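A short write-up of the structure that comes next.
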Amino acid sequence: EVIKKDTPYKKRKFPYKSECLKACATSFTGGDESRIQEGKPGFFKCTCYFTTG
Numbered sequence: 108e109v110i111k112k113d114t115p116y117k118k119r120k121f122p123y124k125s126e127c128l129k130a131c132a133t134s135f136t137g138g139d140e141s142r143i144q145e146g147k148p149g150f151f152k153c154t155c156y157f158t159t160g
């Protein structure tokens, strides 16, 4: 009952995780985080989830 929101990171400089996870929450703006609410980081990429249900 949830969606899958993952953004790309590649590997900008050194591992930041927060710099990528931010892309998810920042990837868009308008609703109360309605689209992510929570997400995790990854190397060369990052996966996020929309706490809905």
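Each number in my numbering corresponds to the 1-based position in the sequence shown with 107 added. Think of the CB as a built atom: it goes at the ideal place given N, C-alpha and C, for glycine as much as any other residue.
Quiz prompt | Alpha carbon of residue 154 to alpha carbon of residue 148, nearest angstrom | solution = One Cα belongs to residue 154, the other to residue 148, and the distance between them is close to 6 angstroms.
Exercise. Quick one: grab the DSSP three-state call for residue 120.
Key: coil
Exercise. Measure the C-alpha to C-alpha separation of residue 118 and residue 141 and round it to an integer number of angstroms.
Key: 27 angstroms
Quiz item: Is residue 124 near residue 156, with beta carbons less than 8 angstroms apart?
Solution: no
Practice problem: Starting from residue 145, trace the beta strand (DSSP E) both ways and give me its first and last residue. | Solution: 144-146
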